[PDB]
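Every residue, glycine as well, gets a Cβ built from its backbone with ideal geometry; the counts of neighbours run over all protein chains shown. Rule-based calculations on the coordinates, nothing more; no lab input.
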RNA sequence: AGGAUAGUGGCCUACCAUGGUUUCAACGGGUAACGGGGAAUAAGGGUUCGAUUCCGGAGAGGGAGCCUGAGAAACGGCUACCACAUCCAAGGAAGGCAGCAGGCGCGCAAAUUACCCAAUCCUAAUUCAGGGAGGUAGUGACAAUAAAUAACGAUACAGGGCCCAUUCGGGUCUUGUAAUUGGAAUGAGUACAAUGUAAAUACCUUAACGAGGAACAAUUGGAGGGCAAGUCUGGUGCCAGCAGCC
Ligand SMILES: [Mg+2]
Ligand SMILES: [Mg+2]
Ligand SMILES: [Mg+2]
Ligand SMILES: [Mg+2]
Ligand SMILES: [Mg+2]
Ligand SMILES: [Mg+2]
Ligand SMILES: [Mg+2]
Ligand SMILES: [Mg+2]
Ligand SMILES: [Mg+2]
Ligand SMILES: [Mg+2]
Ligand SMILES: [Mg+2]
Ligand SMILES: [Mg+2]
Ligand SMILES: [Mg+2]
Ligand SMILES: [Mg+2]
Ligand SMILES: [Mg+2]
Ligand SMILES: [Mg+2]
Ligand SMILES: [Mg+2]
Ligand SMILES: [Mg+2]
Ligand SMILES: [Mg+2]
Ligand SMILES: [Mg+2]
Ligand SMILES: [Mg+2]
Ligand SMILES: [Mg+2]
Ligand SMILES: [Mg+2]
Ligand SMILES: [Mg+2]
Ligand SMILES: [Mg+2]
Ligand SMILES: [Mg+2]
Ligand SMILES: [Mg+2]
Ligand SMILES: [Mg+2]
Ligand SMILES: [Mg+2]
Ligand SMILES: [Mg+2]
């Protein structure tokens, strides 16, 4: 659809069901206090193909799946759990760092709001675009 | 006789005079003319989300001193640029360039207020969070 | 042998539905929320019917407790009870058990799939088997 | 320049409150105001006031 | 769609909010009758003036008027029926004189303290709320019940709840239970 | 006069006439206009609104056209064109949520791709089948009803009505301060059980569990005036900032 992102990961414990309350723990969370912790639920779990995804209601641990219902709450990567003090997972650094860079201004003067949401939506799409 | 028609068959001129003389009522005219929509940077909306173009404080007006801490705001719904007060002690470190921001009216039913020349709106939320919850150490701006 | 003292009011006989219908008032002080199955095993001993021909439902119990109210009715024969009572109540007493057929989404979902097919598709299995591929 | 946003909300030396016994948030609050308004409310002083000095 | 389940509102707020005299007069009754809201007074004064100014309209009706009599001695019917008028007054006019004060006095919260039974109204409500007192075989726990003087004496405690037999109370039983060990055995 | 319609009628056609509306507002223009039963505020009189639980009307992306049928100018019917736009092996094919869900967009502004025909009812060849009509639950501080967040003591402290009395008061009635202290009462929860229901969830009934302050910890704005409440304490010093108005 227009710019709204399944979330794509693999689960290592428990299960995941369509319509399930979960805590998302972003890259900065620690089990102690206010951190990257949003507590909303999952609209649909869905397993993916050559971009057609097949909604499934329950998924065990050890598989890769998609997750539509989030990405208002994720920015690039995250680890969501069900336990109060389940720590995060190591931050997963790659061998390329964001180095080539240009300035972006909007051609017309008034599309600017469309440009600032785009950067947010762009940050989401690629794992290390800044 | 007291200067208006008083016959029993008078009720046409009576009802019609009242209609013309209603135009001398200021807010009746504001309602019929639709200056709600043609003029006035809102559409008649209670509030309007906008975009912070530049932080800018503007002169006070006499009798008082004290710079006034506003922001020129581009409105999302019509790209009109307007300025609005950011009220409180501090409350300008809380805004950066290009923060989304929700502007409310000011109380005087349009047509600017108090210390300040020509500014009719005030900030309430900036990047989704109320100034109050930010001005007190209640809440915190989202992660840039 | 406790003071459970159940009334029964507004008893009027319904031949056309082969039963007597009536409201029940179980005045049960020093006791809370007496069950429905227990509200028959010696209840049929009061209207002299046999024990699987009765039915009762309703039953929200007064604020403050000590008495529940609801509606019941007894049948002129258990054979007609199995014919007249709703096909969901006999489930509640085990006198029927309704079918496992899949969720109504699947029922509708397959209802629609079978509009895609005109006749029997018995010629269709002959279609696809020779193909796939060449 | 901008320069003076947090000019006082910062420079006030921020002090803590007093972790004092809880007041009776409910009906009895109306009760103890009825009491510290009419009955032995030894808050009278001339005609009346409601703040110390 | 559906059919609208109607609702009314039960109070009415004063027009000037900071009348000095009115502000104290209200707290005097909250103290007198152990109430918690100002709404609890606003509720009656609105309801009264609802009933009151809906009886002003009943006498510009010039008299012997058929609707005046039927809704007359069948309104007054309801107002000593709830003990806010006398049987020594069966004749229609002092109804407009009636103050808010008379209504509070037949709240069940206030009637408790006045039938002995509480020794204080703040003590009355707190016990009205805790599945103590009943009127018939019927527990009530709403500090505004408006006894009818047809049930002004059926008001007793509850046969559930200690104070009426059969149960001794969670706080007590759990306390005296721990004296098993130290009673000797 | 005729044609056409189910039928009256400039409805249409041939011929003929020059009439028809209007300052008692015709005609035009605007409506951020579906109409109404109603909604809000109201001493009275009125002022403002009515997309929206009922009734009537109009539409099914926009126009027009038509089939079948008693009934459609139908759109979860077909056909053409206009605007979008899906799939393709490039040959072709297929489109219509202002139905229920869900999503995009728009925005200040509005919910779950859940369960079910048990109820209300509707349809059918029909007692059974079907119904996102409708009902159940989820979301839900739009609006409304009721009304928890404490009660009562003791001790120590604080003041004052009193037979026989010269009274530190001898005795008095009630009454407030402080982490000084006591035993009762309870649901918010949590939970066997039944009840509840189509099956469930909460409601009500309820075994057992569930209260002393650092809690089962109430908020929102205010304290010069209007306008209820500070000539308190510290900070700043026409600065920060407050201020509907002054
Ligand atoms: Mg997209
Ligand atoms: Mg004339
Ligand atoms: Mg004009
Ligand atoms: Mg004029
Ligand atoms: Mg002029
Ligand atoms: Mg001035
Ligand atoms: Mg938003
Ligand atoms: Mg009880
Ligand atoms: Mg003709
Ligand atoms: Mg209009
Ligand atoms: Mg319109
Ligand atoms: Mg209208
Ligand atoms: Mg309208
Ligand atoms: Mg309407
Ligand atoms: Mg509209
Ligand atoms: Mg139509
Ligand atoms: Mg059509
Ligand atoms: Mg459709
Ligand atoms: Mg249709
Ligand atoms: Mg549409
Ligand atoms: Mg948005
Ligand atoms: Mg809303
Ligand atoms: Mg929305
Ligand atoms: Mg049905
Ligand atoms: Mg059926
Ligand atoms: Mg509410
Ligand atoms: Mg609380
Ligand atoms: Mg202050
Ligand atoms: Mg004052
Ligand atoms: Mg202030």
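Relative contact order (percent) for the range B:1-138, with alpha-carbon contacts under 8 angstrom and 6 or more residues of separation?
18 percent
Can you show me the helix-derived [θ] at 222 nm for chain B, built from DSSP H runs with n ≥ 4 at -39,500 (n - 2.57) apiece and divided by the number of residues, rounded to the nearest 500. Mind showing how you got there, number by number?
Working: 3 runs with 24 residues, N = 144.
One gets -4500 deg cm²/dmol as the mean residue ellipticity at 222 nm.
Tell me the relative contact order for chain E as a rounded percent, counting alpha carbon contacts under 8 Å between residues six or more apart.
Working: 163 pairs, mean separation 27.5, N = 185.
In percent, rounded to a whole number, it is 15.
Can you tell me the alpha carbon radius of gyration of chain C divided by the globular rule-of-thumb value 2.2 N^0.38 Å?
Working it through for chain C, the quotient is 1.76.
Using Cα atoms only, what is the angle between the long axis of helix C:104-113 and the major principal axis of chain C, expressed in degrees (0 to 90) to the nearest 10?
Result, in degrees: 30.
Counting other beta carbons within 10 Å of each Cβ, put B:111, A:120 in order, fewest first. Walk me through the numbers on the way to the answer.
Numbers: B:111 9, A:120 12.
In increasing order of surrounding Cβ atoms, one gets B:111, A:120.
Once you have a ≥ b ≥ c as the square roots of the Cα gyration tensor eigenvalues for the range B:74-144, tell me rounded if a/c is under 1.5, and otherwise prolate or oblate according to whether a/b is larger than b/c.
Taking the square roots of the gyration eigenvalues as a ≥ b ≥ c, the range B:74-144 is oblate.
What is the mean number of Cβ atoms from other protein chains located within 10 Å of the Cβ atom of each residue in peptide A:106-116, rounded to a whole number?
Values: counts 0, 0, 1, 3, 5, 1, 6, 10, 1, 1, 5.
Across A:106-116, the average partner-chain Cβ count within 10 Å equals 3.
What is the calculated FRET efficiency for residue E:156 to residue E:119, with r their C-beta to C-beta distance and R₀ = 25 Å, to the nearest 0.05?
Using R0 = 25 Å, I get an efficiency of 0.90.
Counting only helical runs of four or more DSSP H residues, what would the 222 nm mean residue ellipticity of chain D come to if each run contributes -39,500 (n - 2.57) and the total is spread over all its residues?
Working: 1 runs with 9 residues, N = 53.
Counting only the DSSP helices, I get -5000 deg cm²/dmol.
Say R0 is 30 Å: what FRET efficiency, to the nearest 0.05, do residue A:108 and residue B:130 get from their beta-carbon distance?
Taking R0 as 30 Å, the efficiency between residue A:108 and residue B:130 is 0.40.
Mind jotting down a quarter of the surface of the convex hull over the alpha carbons of the range A:71-130, in square nanometres, one decimal?
On the way: hull surface 23.1 nm².
Over all viewing directions, the range A:71-130 projects a mean Cα-hull area of 5.8 nm².
Can you pull the mean other chain C-beta count within 10 Å for peptide E:31-40?
3
Separation between the residue C:113 and residue C:84 pseudo-spin-labels, each 7 Å from Cα along Cα→Cβ, expressed in nm?
Distance between the two pseudo-spin positions: 4.3 nm.
Rank these for me by crowding, B:86, C:26, A:102, B:124, going from fewest to most other beta carbons within 10 Å.
On the way: B:86 23, C:26 20, A:102 4, B:124 16.
Result, fewest neighbours first: A:102, B:124, C:26, B:86.
Express the relative contact order of chain C as a whole percentage, based on alpha carbon pairs under 8 Å and six or more residues apart in sequence.
Answer for chain C is 19 percent.
Output the 0 to 90 degree angle, nearest 10, between the alpha-carbon long axis of helix A:112-125 and the longest principal axis computed from the alpha carbons of chain A.
Between the helix axis and the principal axis of chain A, the angle is about 40 degrees.
Kirkwood hydrodynamic radius, the range E:17-185, all distinct C-alpha pairs: what's the number in Å?
After inverting the mean inverse Cα-Cα distance, the result is 18.9 Å.
For E:129, D:12, A:81, which order do you get if you count the other beta carbons within 10 Å of each Cβ and list the fewest first?
Ordered from fewest to most neighbouring Cβ atoms within 10 Å, E:129, D:12, A:81 come out as D:12, E:129, A:81.
Indicate the gyration tensor shape class of the range D:8-49 (rounded, prolate or oblate), computed on the Cα atoms with a ≥ b ≥ c the square roots of the eigenvalues: a/c under 1.5 is rounded; otherwise a/b larger than b/c is prolate and the rest oblate.
oblate
What is the angle, in °, between the Cα long axis of helix B:11-22 and the longest principal axis of the Cα atoms in chain B? Nearest 10 is fine, range 0 to 90.
30 degrees
Return the equivalent ellipsoid semi-axes of the protein assembly as shown as a descending list in whole Å, where each equals the square root of 5 times an eigenvalue of the C-alpha gyration tensor.
Taking √(5λ) for each Cα gyration eigenvalue gives 57, 51, 35 Å.
With N residues in chain B, what two-decimal value do you get for its Cα radius of gyration over 2.2 N^0.38 Å?
Compactness ratio reported: 1.50.
Which value in deg cm²/dmol, rounded to the nearest 500, describes the helix-derived mean residue ellipticity at 222 nm for chain C, given -39,500 (n - 2.57) per DSSP H run of n ≥ 4 and division by the residue count?
-6500 deg cm²/dmol
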